[PDB]
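What follows is a short report on a single structure.
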Amino acid sequence: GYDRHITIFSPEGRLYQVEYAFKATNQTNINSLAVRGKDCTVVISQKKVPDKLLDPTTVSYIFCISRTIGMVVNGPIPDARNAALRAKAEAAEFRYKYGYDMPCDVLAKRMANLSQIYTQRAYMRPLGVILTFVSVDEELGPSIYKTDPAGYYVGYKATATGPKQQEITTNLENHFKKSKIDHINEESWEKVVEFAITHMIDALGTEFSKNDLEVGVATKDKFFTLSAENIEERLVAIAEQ
Amino acid sequence: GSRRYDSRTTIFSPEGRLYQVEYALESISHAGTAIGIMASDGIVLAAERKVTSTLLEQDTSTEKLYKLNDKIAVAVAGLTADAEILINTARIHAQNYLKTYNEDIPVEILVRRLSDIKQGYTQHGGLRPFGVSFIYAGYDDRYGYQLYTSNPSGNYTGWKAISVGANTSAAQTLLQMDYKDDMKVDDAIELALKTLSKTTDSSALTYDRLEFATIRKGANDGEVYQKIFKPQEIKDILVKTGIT
Amino acid sequence: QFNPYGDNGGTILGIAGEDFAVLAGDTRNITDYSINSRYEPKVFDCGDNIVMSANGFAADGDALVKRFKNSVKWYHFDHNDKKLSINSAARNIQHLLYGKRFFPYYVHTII
Amino acid sequence: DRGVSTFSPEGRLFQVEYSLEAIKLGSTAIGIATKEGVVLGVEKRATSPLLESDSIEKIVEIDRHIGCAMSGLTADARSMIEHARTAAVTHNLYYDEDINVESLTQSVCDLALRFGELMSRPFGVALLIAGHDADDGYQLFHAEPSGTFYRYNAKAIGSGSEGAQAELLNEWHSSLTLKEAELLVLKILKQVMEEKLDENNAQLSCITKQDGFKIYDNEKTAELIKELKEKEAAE
Amino acid sequence: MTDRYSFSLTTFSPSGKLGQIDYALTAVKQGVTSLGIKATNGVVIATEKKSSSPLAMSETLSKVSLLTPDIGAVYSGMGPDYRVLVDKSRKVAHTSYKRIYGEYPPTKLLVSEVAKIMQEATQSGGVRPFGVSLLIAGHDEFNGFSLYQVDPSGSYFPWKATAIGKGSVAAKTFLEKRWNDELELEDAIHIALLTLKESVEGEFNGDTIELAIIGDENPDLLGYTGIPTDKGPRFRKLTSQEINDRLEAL
Amino acid sequence: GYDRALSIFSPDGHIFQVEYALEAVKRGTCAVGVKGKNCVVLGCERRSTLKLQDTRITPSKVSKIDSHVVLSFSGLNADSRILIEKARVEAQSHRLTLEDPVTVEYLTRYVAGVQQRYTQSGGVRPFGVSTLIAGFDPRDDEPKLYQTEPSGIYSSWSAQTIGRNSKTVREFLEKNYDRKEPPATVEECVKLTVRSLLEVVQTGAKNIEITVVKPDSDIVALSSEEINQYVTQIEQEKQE
Amino acid sequence: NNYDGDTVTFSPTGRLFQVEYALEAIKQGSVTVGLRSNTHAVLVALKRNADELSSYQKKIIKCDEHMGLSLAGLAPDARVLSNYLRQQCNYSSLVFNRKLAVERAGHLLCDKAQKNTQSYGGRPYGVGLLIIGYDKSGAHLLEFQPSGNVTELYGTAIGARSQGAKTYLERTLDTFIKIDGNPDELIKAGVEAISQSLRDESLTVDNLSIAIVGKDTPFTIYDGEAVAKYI
Amino acid sequence: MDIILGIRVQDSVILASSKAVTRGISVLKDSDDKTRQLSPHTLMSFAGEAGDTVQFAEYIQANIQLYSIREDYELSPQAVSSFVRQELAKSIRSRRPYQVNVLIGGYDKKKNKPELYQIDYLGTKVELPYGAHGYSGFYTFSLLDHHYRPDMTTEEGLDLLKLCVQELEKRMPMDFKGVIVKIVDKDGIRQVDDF
Amino acid sequence: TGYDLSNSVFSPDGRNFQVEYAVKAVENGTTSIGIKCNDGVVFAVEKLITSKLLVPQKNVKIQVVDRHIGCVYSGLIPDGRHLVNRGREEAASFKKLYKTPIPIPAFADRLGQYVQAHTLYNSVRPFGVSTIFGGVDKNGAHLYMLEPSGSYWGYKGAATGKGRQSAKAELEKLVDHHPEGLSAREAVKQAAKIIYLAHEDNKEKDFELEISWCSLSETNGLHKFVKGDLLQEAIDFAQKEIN
């Protein structure tokens, strides 16, 4: 069956190449999660540096797309960087043409459309990545919008991605079932980060040092990533607890 | 590279046939039957719709019969959307001719250019052929009333009476039996419906499953009129010959 | 408005004997009322016993000579080192010149 | 399947090798070089007797000093002849001289590998190219669809070719006269031809420095046929 | 590099089926149920909003889309294919109609343009057919209200009422029973809500149900006043709250 | 651009698409051309499994390329329209630049070149067509008849046939055409041509077309009767 | 096997089979040798005929006054590659008034060959080349292979039975490297080298081809009676 | 070029066209036929820019002759005149426009009527009973306005033309070396040889 | 299956087998390494001596990009050159528009995107090299390694080719034993040692050592080849330690 090698339909209406691109998504064996504060949007992803020879500061799956948008990727790094470069270019072009900063959801729709094209046009392969976009949008507030190789996207209250994604997802549903709200009812992003790390620890049943995580925060008018030391300061507060 | 996935839509079989053309003809043979009959005083087109649900909007409809210009219409058997691509091409071709010469396009000339387009898809470009056969009904001041058909090969021929789509074998045998040269439009109407009535795969032929049209000299003096029958007019014509 | 042409002066002359030929030219190069150089040669050995000068606007002259020398080089490459006869050179140079019929080389050429 | 420009495991181009097979199916053509001229002759091979055999055109003028014969898929040769004629006339326009036979042959051969996925397949026809020029005198070249060309003292191409070439190996020497060479071409054509050689199903031609390239009328060739019979009977 | 895929990927088999169109229709069969009903003074189109996670915010994914102020669309099948079709549909309403005539196209014509786009994905080099079926509801001055279905092949049909997707066979039967040519828009809405309950297994409220109408002009939804001839979009998306109101009297 | 090499060489040195194009020709209705002392005749089978045909408007099997040359063919009908159009265009272009209508041999070479071109270009298949091209060079009275085929080879013929059962009618012509004595008249030539087709056709009903070409652009097609007179006439001379 | 349908496909062990098949056409080629001192560089090549009635195929091609090469394998590919070199040498002169370094010529050929080994539709070049030259850093010999690999050497040989001459040159190395200021000796050493590769055949006067370039010597080709001297 | 006229009478169109070809201060030719037969019942005369005139006329002739062979039919004069107008209308916005004016005279066999069309280089078409291009019209239009009747015979038409040519030989400043005259009627196109 | 016959096709496990086959070609190449030091980087490579006929010193394998970047690679050499040619174009275009010489991370992504692009289509083949490269910019020293998949990271030390495990093991040792830094001069010598050590796994043919470096203090931030005394000194040091 050559309907398995390119993006044409199988007899049961399926696109195998798209489905297999989803499997490539987990190759890295990393999980990520995102949640919304009152004021902020936090994203955390596991960081694994198995080789002693690597420079750990260059090992990242989180990207600053624009001054206001961050993106975390689940999937191999070459595809991840391809998607990041394009998103940066799209976000900057949008600003030049329309005179305002590209919203998170709009960039997500745009990257989702590009991915849709690779599912329909044969000479282009899908990218083996899931893209989680985050910001504090000036109209919509804290925002999480996620893209996959099917060209699907939607906004989330919170989300998780990776091999152990269903465990984190249910953990998060269970928290919101309880709190009865859409978000972390918290003032400081420091505490929203702490919530995020805590409910990841619980769901994954593992403990973290400062080099096992990677954290990005979105506030009004900036998205930034945390240093190892910032993360430590945050891990410390979780312990004394 | 991509060679691996190329069907080669424009090659010959070892018997010297064109696979894709043959398979398009097979596709067409399962489409609603269309019949064209030519009289001395006009032309009839009739076509059976593909099995209607009771909820289908029958009056604001069109599927089989299309106006090309004021002197030319077609009946369609095959993929509708393929047919609309070719129809808009033909409509445009007619208008270029009118613009260039200030005379309405002679029927054959329009028929030939549509058939030449079809032919191209069988020789170059590696795309699939259009899955359509047309019956052309029209009038011009050189040959009067004319019927042609064309099919996915880009071959065309002229007829006194002809069918396309499903059951053309049975239908052609019946037309051959009752057709005659001195015949009038109103007789040909009856013949068209009798033939569809016997060849249909449905239990009985009703107004909701039909499209119908005539091209007559039936306006005033030396000029021609196209009438695309409304549902009511079909309901009548079906009683007036007692098929209901 | 930019004028793509200039005039570098000088003058040249060719005479043919029974079994020899000369191509002569002065070595002065000028623009307007100034001397650029008192010794700038403008007559050249082009190979296969062909001497050439293209005199007038020197930038055009040099381009032509350069193109013709290069023509001789490829004649050898393409036709088994065959000697380019003078009559054949002449015809070749016609095509070099006429190729710029609508933006001419401003030179009088002698070989 | 697989690409039109593919190498076999033995390092040869599939499509080129296969075109060589089509050439082996072609009608025979022979040329012989002498210091008095080059002769080219061919087997016409009419597929049916109703066909007007003088319309079979497998020997062709390129320029006054160059002629050509062909074997294989001969319809493929029209555009090669056209290119050759243009190269020859163009050369004379640029240089006010005759184009060398070798240079002409090289130009035709440059087309040869201009195929792939530029034309869609190699040419299915070999050419014998014969002419004169002041630098290297009388010449015969075999131009293949590989893009290779060899100079030959004599050569046969087509179905009769391994037969005829063994024969040419024996009969050729550096002192043959034009007349000797004409007879030889007839002799060997008659050997390898299916039907019985006459002045209607085979044709001759030469190129001499003095009169350039000439195709022989059927009358002239008929007498050479008669003259060959008389020589053969006579020992 | 570059697209070496200049040949068709949909072709005729010996039986004369076009495989990739059949298979696209199969993808449409797997899709969530959607439907449309036409009334004397309105059209209603509706579908279920089947969520991906419960962490997803299903308002941000709108299955029922405005194309022009008088035309709306819903689908069944592959959602991403639908999204890009909506983008192209909106654009072609402008480039090939509004920019030429200064008014929005009539429903059959806009439908015709979408059908063309889908037909081209069925014959052009190096693409696959769209894996969706559309239902498009609209109004225009000289035709009034109309409802069309567009299929992967590019074929379109006008309907009184229909359904597509998972539960289409059952729902089409449910609609044949309840449809008459005197249904007033409020009644057509009520029938649509009934028909959808059959095909939804889970929660059934205004947060899992997406529904829009083509009805009267809505001057309150225009955004400006002062031009007498501009009277507002005939397309309205019912709110979550407005659906639940009708679900109590159900 | 769709690029694929469809016409390529097989291991044995055959180009299968060109050879399969000949099969398409083999399946076409028969056509035959016979040249006389002072004329050429073109006759063509028309398959009679089609009653209800309107023959006023249905495309004839012989086509005028210019007013002094005609072309008939066997094979795919739709392919032949492409060759006919290009030939007509070339005919007018030749008149425009050379101030003379085409020689028949020239028109033949042109059509043949077009056919060859389609056997070594990417993205196209060869023409499923062979042609017979006949007429008289401007201001000349020697008749001309040429044949082309899908490969692009072309040649001159005293008489020749192509299409289904052309092998049977070539057989006939081969023993009935005296090279030494061409049908010295119009009438004779039309007869031999009809005889050769009756070997293969069935009833001489709507089953035969004839077209006659005489010098200086004098071209006429016969009607049912005039042919039919030969059908009856030959059939009686038959019982022996 | 399943992975040799074109150049753009790797085998499961990381090989490029079409490139390997191109290398194989070189192996059937008639043998050619190159070697050089500090003052001159020489090419020697054994030519090959179709039969006793044909010419011997030329194997040596001049690229500029100071550079040229010999070929083994597909000769039309040599004509393409040598022609590309002629242009590159030419461009260097016209634009910069600079004779092209033999090392740069090597790099340009490598990059040209490489392009044909990474895209669909193409094929690798099916010819090997030995480039000699004398430039601003002295005499050079280079070995080109259509994998793209180019190598600078004191001496080498390619073609059928080229292994014979290759070992010989490996033995001779300390001797011929110092044949400075004596052309006819370097040639003799090269002619000897090539003789280690003959079988059932010996060097004749329309069989043998020699070229030399060096300190006060333009690249010049010797054939026919002009090689008798060395037979 | 310069003088081209046309008169339409009861049963024919008559074209008259000057014979001179002048360049600088030399009359290069006195027997020039400024006309092409487009089809057996359509004639076209032309005047204007050197080179452009013949090139354009011959280009139209080729096209109509192509149409004729393709359809085995002859286009009506009205149809040919519209084709010619459109060609000229395209030309006017080209990089280099054809500067050619024409008269088209045909006999329409479907209607049995003669027809005269005057088309200038801009693609300005009118059907007229009589027509002239260039300075000619400044004399002939008023003359014909007076002496022309719609039911005249081919012979009366020819006398009317004689009057026109006489006026032009009296008052025009250039010697146009007489005219070649051609009649287009139900039987085709013929040349009057003594004028 | 047949998922491995065409570039850019996902297998059912989510892999691109053609890239994985490109890697086998890299694994089959000679050993090359990079070491990051105090204020610079050092590059080294094992050049096999196929024959005595190879001219020593005259088949140079390390390549400079712009004026401040070195590149070395193992696998298909011509592919490596192709990648460097592209790198040179990318650097020229960056310096033309922005004036400053291209930063090393910026340069690494240029190579990354280009290499990644050759895993997107069936009409090209992936690169059959891994490439070690780096230099000094306004922010210090950077060392990178880039794979056929287009994957790259920053490194303390890096190694690829036939002796990659042995060299990696040796590299880990230095990083443990010198946690406060390595001088550019310690590194040049250590590089010599590791190439000599890694030559074990490839010891048929003997080999020529080639080294280069960029160092703020030692080369003034420019890329230079190590020759003469400094090279001989580093060979001597290496010979010491295999004994």
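Convention: chains lettered A, B, ... in structure tokens order; per-chain residue numbering from 1; ligands numbered from 1 as shown.
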Within 7 Å of chain F: each chain B residue with its shortest pair, only C-alpha atoms, as CSV:
```
residue,atom,partner,partner_atom,distance
B:10,CA,F:125,CA,6.6
B:11,CA,F:125,CA,6.2
B:12,CA,F:20,CA,6.2
B:13,CA,F:20,CA,6.9
B:14,CA,F:20,CA,5.5
B:15,CA,F:23,CA,5.9
B:16,CA,F:24,CA,4.4
B:17,CA,F:24,CA,6.5
B:119,CA,F:78,CA,6.0
B:123,CA,F:125,CA,5.6
B:124,CA,F:124,CA,4.5
B:125,CA,F:2,CA,5.2
B:126,CA,F:2,CA,6.2
B:153,CA,F:78,CA,6.9
B:154,CA,F:78,CA,5.6
B:155,CA,F:78,CA,5.2
B:157,CA,F:58,CA,5.2
B:158,CA,F:58,CA,4.9
B:159,CA,F:54,CA,4.6
B:160,CA,F:52,CA,5.5
B:161,CA,F:52,CA,6.2
B:176,CA,F:52,CA,6.8
```
Those residues with N, CA, C and O atoms, as a PDB file, in the first residue's frame please?
```pdb
ATOM      1  N   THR B  10      -1.944   8.665 -19.047  1.00  0.00           N
ATOM      2  CA  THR B  10      -1.998   8.881 -20.496  1.00  0.00           C
ATOM      3  C   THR B  10      -1.171   7.872 -21.292  1.00  0.00           C
ATOM      4  O   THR B  10      -0.520   8.246 -22.264  1.00  0.00           O
ATOM      5  N   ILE B  11      -1.191   6.603 -20.892  1.00  0.00           N
ATOM      6  CA  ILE B  11      -0.519   5.568 -21.681  1.00  0.00           C
ATOM      7  C   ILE B  11      -1.494   4.584 -22.311  1.00  0.00           C
ATOM      8  O   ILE B  11      -2.665   4.495 -21.929  1.00  0.00           O
ATOM      9  N   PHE B  12      -0.965   3.848 -23.282  1.00  0.00           N
ATOM     10  CA  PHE B  12      -1.670   2.802 -23.992  1.00  0.00           C
ATOM     11  C   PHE B  12      -1.520   1.477 -23.252  1.00  0.00           C
ATOM     12  O   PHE B  12      -0.456   1.185 -22.697  1.00  0.00           O
ATOM     13  N   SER B  13      -2.581   0.674 -23.265  1.00  0.00           N
ATOM     14  CA  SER B  13      -2.486  -0.747 -22.934  1.00  0.00           C
ATOM     15  C   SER B  13      -1.740  -1.458 -24.065  1.00  0.00           C
ATOM     16  O   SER B  13      -1.526  -0.867 -25.125  1.00  0.00           O
ATOM     17  N   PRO B  14      -1.349  -2.732 -23.862  1.00  0.00           N
ATOM     18  CA  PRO B  14      -0.737  -3.451 -24.990  1.00  0.00           C
ATOM     19  C   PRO B  14      -1.702  -3.714 -26.154  1.00  0.00           C
ATOM     20  O   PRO B  14      -1.253  -4.047 -27.251  1.00  0.00           O
ATOM     21  N   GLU B  15      -3.006  -3.565 -25.912  1.00  0.00           N
ATOM     22  CA  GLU B  15      -4.020  -3.677 -26.963  1.00  0.00           C
ATOM     23  C   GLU B  15      -4.238  -2.338 -27.677  1.00  0.00           C
ATOM     24  O   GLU B  15      -5.034  -2.256 -28.608  1.00  0.00           O
ATOM     25  N   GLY B  16      -3.538  -1.294 -27.240  1.00  0.00           N
ATOM     26  CA  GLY B  16      -3.653   0.027 -27.850  1.00  0.00           C
ATOM     27  C   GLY B  16      -4.909   0.780 -27.450  1.00  0.00           C
ATOM     28  O   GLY B  16      -5.444   1.556 -28.239  1.00  0.00           O
ATOM     29  N   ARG B  17      -5.384   0.540 -26.230  1.00  0.00           N
ATOM     30  CA  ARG B  17      -6.472   1.324 -25.653  1.00  0.00           C
ATOM     31  C   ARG B  17      -5.913   2.225 -24.574  1.00  0.00           C
ATOM     32  O   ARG B  17      -4.789   2.030 -24.117  1.00  0.00           O
ATOM     33  N   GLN B 119      -9.598  15.632 -25.194  1.00  0.00           N
ATOM     34  CA  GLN B 119      -8.553  14.849 -25.850  1.00  0.00           C
ATOM     35  C   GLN B 119      -7.180  15.114 -25.234  1.00  0.00           C
ATOM     36  O   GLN B 119      -6.406  14.180 -25.014  1.00  0.00           O
ATOM     37  N   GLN B 123      -3.578  12.721 -23.643  1.00  0.00           N
ATOM     38  CA  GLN B 123      -2.277  12.652 -24.316  1.00  0.00           C
ATOM     39  C   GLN B 123      -1.118  13.299 -23.562  1.00  0.00           C
ATOM     40  O   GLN B 123       0.020  12.861 -23.712  1.00  0.00           O
ATOM     41  N   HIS B 124      -1.386  14.337 -22.775  1.00  0.00           N
ATOM     42  CA  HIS B 124      -0.317  15.015 -22.039  1.00  0.00           C
ATOM     43  C   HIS B 124      -0.770  15.538 -20.682  1.00  0.00           C
ATOM     44  O   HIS B 124      -1.964  15.716 -20.441  1.00  0.00           O
ATOM     45  N   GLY B 125       0.202  15.753 -19.798  1.00  0.00           N
ATOM     46  CA  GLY B 125      -0.037  16.390 -18.504  1.00  0.00           C
ATOM     47  C   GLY B 125      -0.190  15.452 -17.319  1.00  0.00           C
ATOM     48  O   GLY B 125      -0.171  15.898 -16.171  1.00  0.00           O
ATOM     49  N   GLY B 126      -0.351  14.157 -17.588  1.00  0.00           N
ATOM     50  CA  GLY B 126      -0.457  13.147 -16.535  1.00  0.00           C
ATOM     51  C   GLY B 126      -1.579  13.319 -15.523  1.00  0.00           C
ATOM     52  O   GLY B 126      -1.448  12.874 -14.382  1.00  0.00           O
ATOM     53  N   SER B 153     -12.780  10.433 -24.199  1.00  0.00           N
ATOM     54  CA  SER B 153     -11.714  10.341 -25.206  1.00  0.00           C
ATOM     55  C   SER B 153     -11.563  11.623 -26.023  1.00  0.00           C
ATOM     56  O   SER B 153     -10.562  11.805 -26.715  1.00  0.00           O
ATOM     57  N   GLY B 154     -12.563  12.499 -25.953  1.00  0.00           N
ATOM     58  CA  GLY B 154     -12.606  13.691 -26.793  1.00  0.00           C
ATOM     59  C   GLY B 154     -13.107  13.374 -28.190  1.00  0.00           C
ATOM     60  O   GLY B 154     -12.955  14.178 -29.109  1.00  0.00           O
ATOM     61  N   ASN B 155     -13.692  12.191 -28.354  1.00  0.00           N
ATOM     62  CA  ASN B 155     -14.356  11.826 -29.593  1.00  0.00           C
ATOM     63  C   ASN B 155     -15.776  12.378 -29.598  1.00  0.00           C
ATOM     64  O   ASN B 155     -16.455  12.339 -28.573  1.00  0.00           O
ATOM     65  N   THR B 157     -19.531  12.689 -32.183  1.00  0.00           N
ATOM     66  CA  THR B 157     -20.299  12.264 -33.355  1.00  0.00           C
ATOM     67  C   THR B 157     -21.689  12.894 -33.302  1.00  0.00           C
ATOM     68  O   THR B 157     -22.158  13.278 -32.228  1.00  0.00           O
ATOM     69  N   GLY B 158     -22.338  12.990 -34.463  1.00  0.00           N
ATOM     70  CA  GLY B 158     -23.680  13.574 -34.578  1.00  0.00           C
ATOM     71  C   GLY B 158     -24.765  12.517 -34.698  1.00  0.00           C
ATOM     72  O   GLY B 158     -24.529  11.441 -35.250  1.00  0.00           O
ATOM     73  N   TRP B 159     -25.958  12.825 -34.187  1.00  0.00           N
ATOM     74  CA  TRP B 159     -27.055  11.851 -34.137  1.00  0.00           C
ATOM     75  C   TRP B 159     -28.422  12.437 -34.462  1.00  0.00           C
ATOM     76  O   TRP B 159     -28.635  13.647 -34.395  1.00  0.00           O
ATOM     77  N   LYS B 160     -29.342  11.543 -34.813  1.00  0.00           N
ATOM     78  CA  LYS B 160     -30.764  11.858 -34.904  1.00  0.00           C
ATOM     79  C   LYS B 160     -31.422  11.593 -33.556  1.00  0.00           C
ATOM     80  O   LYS B 160     -32.323  12.319 -33.139  1.00  0.00           O
ATOM     81  N   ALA B 161     -30.968  10.536 -32.889  1.00  0.00           N
ATOM     82  CA  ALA B 161     -31.373  10.242 -31.522  1.00  0.00           C
ATOM     83  C   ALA B 161     -30.295   9.397 -30.852  1.00  0.00           C
ATOM     84  O   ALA B 161     -29.686   8.536 -31.494  1.00  0.00           O
ATOM     85  N   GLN B 176     -34.051   3.166 -31.964  1.00  0.00           N
ATOM     86  CA  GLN B 176     -33.879   2.598 -33.300  1.00  0.00           C
ATOM     87  C   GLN B 176     -35.191   2.032 -33.844  1.00  0.00           C
ATOM     88  O   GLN B 176     -35.470   2.117 -35.041  1.00  0.00           O
TER      89      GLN B 176
END
```
Query raised in the report: residue 78 in chain C: which residues within 12 Å, counting only C-alpha atoms, same-chain residues fewer than 4 positions away excluded, as a ChimeraX atom specification?
Result: /C:71-74,82-84 /D:91,99-100,102-107 /G:61-63,79,83,86
Requested in this report: Pull the alpha helix (DSSP H) assignments for range 80-239 of chain F out of DSSP run on the backbone, and list those residues as a ChimeraX atom specification.
Outcome: /F:80-98,104-117,166-176,186-198,224-236
Report summary line: For chain B, the closest of E:222, E:147, E:193, E:93 counting only C-alpha atoms is E:147
Report task. For residue 35 in chain B, list every protein, DNA or RNA residue within 9 Å, evaluated using only C-alpha atoms, and leave out those in the same chain fewer than 6 positions away; present the list as JSON, numbers by chain. Result -> {"B": [44, 45, 46, 47, 48, 75, 135, 161, 162, 163, 164, 168, 171, 192, 193, 195, 196]}
Now that the selection is made, can you save its residues with C-alpha atoms as a short mmCIF file (atom, residue, chain, number, x, y, z; two decimals), in the first residue's frame?
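The new file selection.cif reads:
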```
data_model
loop_
_atom_site.label_atom_id
_atom_site.label_comp_id
_atom_site.auth_asym_id
_atom_site.auth_seq_id
_atom_site.Cartn_x
_atom_site.Cartn_y
_atom_site.Cartn_z
CA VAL B 44 -35.72 17.17 -27.08
CA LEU B 45 -33.43 16.52 -24.13
CA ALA B 46 -34.50 14.31 -21.24
CA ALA B 47 -32.52 12.93 -18.32
CA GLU B 48 -33.16 10.78 -15.26
CA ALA B 75 -27.26 16.96 -21.12
CA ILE B 135 -25.28 15.29 -25.38
CA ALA B 161 -31.37 10.24 -31.52
CA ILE B 162 -28.95 9.03 -28.85
CA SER B 163 -28.51 8.15 -25.16
CA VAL B 164 -25.67 8.34 -22.62
CA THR B 168 -27.75 2.98 -23.42
CA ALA B 171 -32.36 2.64 -24.80
CA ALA B 192 -37.94 10.21 -25.00
CA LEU B 193 -40.15 9.53 -21.97
CA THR B 195 -37.65 5.08 -23.55
CA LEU B 196 -36.67 6.37 -20.09
#
```
Requested in this report: Select residues of chain H: the criterion is any atom within 12 Å of an atom of chain F, counting only C-alpha atoms; output as a VMD selection string.
Outcome: chain H and resid 54 to 72
Output N, CA and C atoms for every residue in the selection just made, as a compact mmCIF listing (two decimals), in the first residue's frame.
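Everything below was put into out_20.txt:
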```
# COMPACT_ATOMS: atom_id res chain seq x y z
N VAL H 54 1.08 45.84 -46.03
CA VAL H 54 1.12 44.51 -46.66
C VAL H 54 1.18 43.40 -45.61
N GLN H 55 2.08 43.54 -44.64
CA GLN H 55 2.19 42.58 -43.53
C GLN H 55 0.84 42.30 -42.87
N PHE H 56 0.10 43.36 -42.56
CA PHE H 56 -1.19 43.22 -41.90
C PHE H 56 -2.22 42.57 -42.83
N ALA H 57 -2.31 43.08 -44.06
CA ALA H 57 -3.22 42.52 -45.06
C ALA H 57 -3.00 41.02 -45.28
N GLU H 58 -1.74 40.62 -45.43
CA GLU H 58 -1.39 39.22 -45.66
C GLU H 58 -1.66 38.35 -44.43
N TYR H 59 -1.49 38.93 -43.25
CA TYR H 59 -1.75 38.23 -42.00
C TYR H 59 -3.25 37.93 -41.84
N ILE H 60 -4.09 38.90 -42.19
CA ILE H 60 -5.54 38.68 -42.20
C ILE H 60 -5.92 37.64 -43.25
N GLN H 61 -5.38 37.78 -44.45
CA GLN H 61 -5.67 36.84 -45.54
C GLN H 61 -5.40 35.40 -45.11
N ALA H 62 -4.24 35.17 -44.51
CA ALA H 62 -3.86 33.83 -44.02
C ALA H 62 -4.88 33.28 -43.03
N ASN H 63 -5.34 34.14 -42.12
CA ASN H 63 -6.29 33.72 -41.07
C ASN H 63 -7.65 33.32 -41.61
N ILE H 64 -8.17 34.11 -42.55
CA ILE H 64 -9.46 33.82 -43.18
C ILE H 64 -9.37 32.57 -44.05
N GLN H 65 -8.27 32.43 -44.79
CA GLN H 65 -8.02 31.21 -45.57
C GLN H 65 -7.91 29.97 -44.67
N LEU H 66 -7.39 30.14 -43.46
CA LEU H 66 -7.33 29.04 -42.49
C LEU H 66 -8.73 28.66 -42.03
N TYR H 67 -9.50 29.66 -41.60
CA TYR H 67 -10.88 29.44 -41.19
C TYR H 67 -11.67 28.71 -42.28
N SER H 68 -11.46 29.10 -43.54
CA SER H 68 -12.19 28.52 -44.67
C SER H 68 -11.95 27.03 -44.83
N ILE H 69 -10.68 26.63 -44.79
CA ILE H 69 -10.30 25.23 -44.89
C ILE H 69 -10.80 24.43 -43.69
N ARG H 70 -10.69 25.00 -42.49
CA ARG H 70 -11.08 24.28 -41.27
C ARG H 70 -12.58 23.97 -41.24
N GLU H 71 -13.41 24.91 -41.68
CA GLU H 71 -14.86 24.74 -41.62
C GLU H 71 -15.50 24.40 -42.97
N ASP H 72 -14.71 24.37 -44.04
CA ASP H 72 -15.23 24.20 -45.40
C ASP H 72 -16.44 25.11 -45.62
```
Requested in this report: Considering only C-alpha atoms, return as an MDAnalysis selection string whatever protein or nucleic-acid residues lie within 12 Å of residue 107 in chain H, sequence-local ones (same chain, fewer than 3 positions apart) excluded.
Outcome: chainID H and resid 8:14 39:43 74:78 80 104 110:117 183:189
